[PDB]
């Protein structure tokens, strides 16, 4: 169902000097839910209940996000894709996950998740993705509605727009959810970024990482790598498509549709589809996991 209560209380693990937060309920092999920008584990709160009894349900808060500690020093060079991956690889190792992990990913959680899988292909039982960054794109491929704003985030206008005005949290997020959010729900997304300044840096560093028209070249090479791999990998996949959708449309959707061993469903939503169709999403993930773990 919908609802504002969190799925569980946060547990903590020390990683490289910083305390990182995560939800961990139940027992069995892991079903790993990873959020992107500008969200936290809270994004999966109404989707995780659907998998009760199917495994150890885990949702990690990326460094500087949710209830995980903020990095200090912080600035334009902080929270890049490679730094996020360093902290996440370590937390995932600390959790003692084993070799039958089902990944459930979104937005930057999908770029981090697709890359971890390319690198640990034997420990991945299945991948469920939605509104993902599945390959490098052109501006011609970006959604028309926010093309100018994201070109601005990538320019020097980014700092005023995000660190000062908090535009990614206050405008982009609600603007890409079809239904209106309650105050408790908006408060849970706002919580880690209440303070002006560097506490909001993660939400600005992320749009500057998207691989478009060949820049930034380093993330473009990483995406080109996991795109080529996925288009040929036999691992079971679940493509949760959306209409109207946002990122995974046009050429990118045509490409994802060529991937092997994949099941597809379409749900209502723009970009943050977990807030519009949580039960349809959770039900498909549960069904996908029951096929992978026959009881």
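Numbering follows the first chain given and starts at 1. We call the rigid core whatever largest set of C-alpha positions still superposes within 1.5 Å between the two forms.
Between stretches 107-115 and 209-217, the one whose Cα atoms sit farther from the displayed model in 7 other deposited structures of this protein on average is 209-217 (core-aligned, root mean square). Stretch comparison, 283-291 versus 18-26: after rigid core superposition, larger RMS CA deviation in 7 other deposited structures of this protein is found for 18-26.
According to the PDB record, 260-268 carries the higher mean C-alpha B-factor of the two stretches 56-64 and 260-268. The question of which stretch, 87-95 or 143-151, has the higher mean Cα B factor is settled in favour of 143-151. Annotation for 23, 285, 273, 15: 15 ranks highest, by Cα B-factor. Reading the B-factor column for the CA atoms of 245, 30, 38, 234 in the entry, the top value corresponds to 234. For residue 203, the recorded CA temperature factor ranks within the lowest third of the chain's modelled residues. Annotation for residue 118: C-alpha temperature factor in the lowest third relative to the rest of the modelled chain, per the entry. Split the chain's modelled residues into thirds by C-alpha temperature factor. Residue 126 is in the lowest one. Compared with the other modelled residues of the chain, the Cα B-factor recorded for residue 138 ranks in the highest third. Ranked by Cα temperature factor within the chain, residue 292 sits in the middle third according to the deposited record.
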